[PDB]
Amino acid sequence: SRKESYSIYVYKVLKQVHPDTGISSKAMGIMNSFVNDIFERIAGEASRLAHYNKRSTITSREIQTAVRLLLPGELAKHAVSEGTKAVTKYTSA
Amino acid sequence: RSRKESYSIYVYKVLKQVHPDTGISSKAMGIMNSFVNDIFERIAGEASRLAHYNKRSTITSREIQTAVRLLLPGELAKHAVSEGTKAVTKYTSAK
Amino acid sequence: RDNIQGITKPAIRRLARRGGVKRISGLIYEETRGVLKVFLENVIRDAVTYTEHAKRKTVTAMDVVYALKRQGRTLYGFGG
Amino acid sequence: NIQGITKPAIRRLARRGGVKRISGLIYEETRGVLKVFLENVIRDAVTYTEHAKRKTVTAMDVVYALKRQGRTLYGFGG
Amino acid sequence: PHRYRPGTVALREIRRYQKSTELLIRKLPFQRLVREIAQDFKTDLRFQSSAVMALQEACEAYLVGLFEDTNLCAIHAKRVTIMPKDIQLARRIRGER
Amino acid sequence: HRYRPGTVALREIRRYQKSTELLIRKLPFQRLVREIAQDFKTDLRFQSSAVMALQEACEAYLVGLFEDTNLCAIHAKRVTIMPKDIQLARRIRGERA
Amino acid sequence: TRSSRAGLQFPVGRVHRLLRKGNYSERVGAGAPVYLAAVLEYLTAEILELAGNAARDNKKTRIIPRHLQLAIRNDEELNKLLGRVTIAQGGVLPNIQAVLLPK
Amino acid sequence: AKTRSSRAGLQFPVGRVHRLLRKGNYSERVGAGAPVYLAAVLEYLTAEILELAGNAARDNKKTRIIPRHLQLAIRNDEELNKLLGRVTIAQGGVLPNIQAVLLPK
DNA sequence: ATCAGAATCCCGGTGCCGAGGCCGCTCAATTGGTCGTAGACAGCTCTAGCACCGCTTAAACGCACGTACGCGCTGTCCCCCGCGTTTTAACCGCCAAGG
DNA sequence: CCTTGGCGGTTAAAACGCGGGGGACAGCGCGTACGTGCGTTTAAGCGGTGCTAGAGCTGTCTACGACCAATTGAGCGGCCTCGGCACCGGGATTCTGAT
């Protein structure tokens, strides 16, 4: 029925990364399940942090420290830098 | 000033029903409080993910029951389901 | 009946070769069968609980994937 | 520095687990693994402190860092 | 058409089956085992094809990881053959029963 | 007089099996934890129960790793533990990629 | 009060308030907090009774964390549950392998 | 620019993520900067996986990406293998890992 | 085996402190109502799972078959440990501070 | 009214010499277990058939949960007592090395 998916977004990301490379539907489902699992993990960790810190709202610092905690140092630093650059790009204009 | 909450009195009560002639160090009382909070939040998270996957935003007794069925081991799960069903029935029966 | 022995000895041989085993003993197969049976029991029980709470008597792919997700052996490609 | 985990300390830690004979190169591996674990746990705790905007690491932060690492500890009102 | 000492045929099969990725446990016997196990628990159970395939692939991955751990235990013990005690130690360290 | 090796360690194992007090003394582990933390921040401090929890966790993890190492050595038909045993335990645990 | 209306030491109001604050769903059923409170009460009761068993094993009336950890580790189910969870001042069971006993 | 995705300059949709968070049962209120940061993190993680997947594919000279490439890429990299050591990819297999003593002498 | 000789299992004493006794306080758990929606009940709909055989074909079967790395049995060599030993410095007391 | 350490004083702990002998360490009998094949025995699976209740969605109403404001009594804040289990020291268990 009305079952949404992220196949088109993954296709566009692949095109912007590899202009002449494809992928299989089974790999598409694998990526969808990976995204779902990581999303669930991040949502749970954000929920626990918010419940500890008594925050009624979510800001960028929460997800920043979440990235610092889950991913290792180099990957966490790169992801934090990318997200901060995106936030600055949106906010500046 | 901060009035932090504690399960001290309830844990002391429960130990007294299971053992009147048994003291409990504050360390043990804190361990019991932590265990209670951990199990409660475990079952609550299981119910939350069940509500997520089932496309239903209501946690009735069924959601907590299936959460306990998933969480606790077989014999323990059966015992907990029996006791929780009895508790739910007696709660719904009265005012 | 006898489905525990359904996984044939050469099938376990191929599984070991994928794992990286050169020399295989004869009692390895029975222990591997027991491990497989126990893990299947756990995952099947979790998926059955998932489908029972949904009030669906058919075990769906999402139910099994979520059961594997909760067990720490999350598997992909099949929804959930 | 790393000698804070002394030879008797490593001996006692090993004997707690039932080890009978310990080699002279065991100390280095033990100290390295303990350093890795301490770096990870202290990294999580310091990240918690940075998130908290506070100045001192709290017991709750250590306990929940251990829980995130999968090493939950009782006795401290977590 | 030749038979060698133990191992080169083993190396050939290892190379073939690491080059190949398709399911090693056969689908029909595995699904039969799944149905036998599920019969003891609940009646009127219908399994989706993707669900059974997920069971099969997850079990294959767990078994292959356990085999890797068993090989590590044996080789670290300066041993080539794997014994049920090797699997017992591997599962003891892994933590899943 | 001089006893034979091996029995003493069993005796202290039996005796310490009845006690639960933290093994590592306070100040050296304290300094080690704080010099490791100095790589994360300057002039940072822990809580008292935080330090004790860190000590408990470090003791538990090290004791578990030592039990894994001893099991690996014994299963390898060895009694004295070697760093390779710790490497095998870590690899089976999955931390080392 | 709703504490004793469910026949449990743990009140419904505290547990239902925790459920509401946790946002585990849009709405929480009437029996859900009672179910959770009953499960928690039974679990802590069995923990404490095995703690008393460990206490009489150690020939002490008052529960020390050593008694709690012995309670956790003797029982197969609880050791399975709280195996990854350690207890401050807890310890471990009396475990002696026969391979190392002297001849 | 009308949609917030064009303002943020990212690829993943902010709106569907916001809808999932609304139907998420984890928070009553959500900030206006968190979805963009989360989308950036998800995109970076997907790119990190896909770069090594493409590396494996170009090593094998295969255009289509099969789950074998995904599993090999996840297992080879130390960061991903440490991160995803408990994560299983369907139809993935394991790395070809031959020990020194395994080869016949 | 055999007692030695320390070393552990449980003990009377012991004194100053952890658990737990007494009584408020006090707001949040509790009250009933009145809103108000979601979901279990009722029913709906066609899809891929179902019973089943039925042939194929890569694969499973049995123990005769080599045979080599496993394990009987031991030397090897020594890496370490038992104990005393002396120096190490962490710890019992002491209250810190700062917002 | 808090947490390392400022450190005084500790008293038993860090650090290490070191022997000796049993264990680390490889070598090597040896040979029973058993790769490898490989035909025999097995029945896989790949593509089919209609069976066919039930996953899923829509209906759907209404039972049941949320919303409002009074409530009301126990929830956890303040100080004080006193014997279980830890300590000071004896005496007797329960062991085991040298014998």
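Start at 1 and count along the chain as shown; that gives each residue its number.
Method reported for this entry: electron microscopy, 6.9 Å.
From the backbone N, Cα and C atoms, a Cβ is placed for every residue, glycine too.
Marked as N6-glutaryllysine by Swiss-Prot: C:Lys9, C:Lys57 (among others). Positions annotated as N6-acetyllysine by Swiss-Prot: C:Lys9 (among others). Positions annotated as SUMO2 cross-link by Swiss-Prot: C:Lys9, C:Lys37, C:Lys57, C:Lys69. Taken from Swiss-Prot, the feature UFM1 cross-link covers C:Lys9, and the record attributes it to experimental evidence. According to Swiss-Prot, the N6-(2-hydroxyisobutyryl)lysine annotation covers C:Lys22, C:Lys37 (among others), on the basis of experimental evidence. The annotation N6-butyryllysine is assigned in Swiss-Prot to C:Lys22, C:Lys55 (among others) on the grounds of experimental evidence. Positions annotated as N6-(beta-hydroxybutyryl)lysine by Swiss-Prot, on the basis of experimental evidence: C:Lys55, C:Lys69 (among others). Positions annotated as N6-propionyllysine by Swiss-Prot, on the basis of experimental evidence: C:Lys55, C:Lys57 (among others). The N6-succinyllysine annotation in Swiss-Prot covers C:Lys69 (among others). The annotation ubiquitin cross-link is assigned in Swiss-Prot to C:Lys69.
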Of C:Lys9, C:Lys37, C:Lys55, C:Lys57 (the modified residues), the residue whose Cβ has the fewest other Cβ atoms within 10 Å: C:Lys55
C:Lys22 (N6-(2-hydroxyisobutyryl)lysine): nearby modified residues from C:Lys9, C:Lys57, C:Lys69, Cα cut-off 10 Å: none
Packing count at C:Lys22 (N6-(2-hydroxyisobutyryl)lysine) (other Cβ atoms within 10 Å of its Cβ): 24
Interface-adjacent modified residues, chosen from C:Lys22, C:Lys55, C:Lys69 when a CB lies under 8 A of chain H: C:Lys22
Inter-residue C-alpha distance, C:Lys57 (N6-glutaryllysine) and C:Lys69 (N6-succinyllysine) (nearest angstrom): 21
Inter-residue Cα distance where the pair is C:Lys9 (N6-glutaryllysine) and C:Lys37 (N6-(2-hydroxyisobutyryl)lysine), in Å: 15
Modified residues (C:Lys9, C:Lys22, C:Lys55, C:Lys57, C:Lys69) in Cβ proximity to chain B, threshold under 8 Å: none
Neighbouring C-beta atoms (10 Å sphere around the C-beta of C:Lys69 (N6-succinyllysine)): 22
For C:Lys9 (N6-glutaryllysine), the three-state class that DSSP assigns: helix
C:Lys9 (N6-glutaryllysine) and C:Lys69 (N6-succinyllysine), distance between Cα atoms, whole Å: 29
Proximity to chain A among modified residues C:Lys9, C:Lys22, C:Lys37, C:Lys69, where any Cβ pair is under 8 Å: C:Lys69
Intermolecular Cβ proximity, modified residues C:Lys22, C:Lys37, C:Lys55, C:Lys69 versus chain E, under 8 Å: C:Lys22, C:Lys37
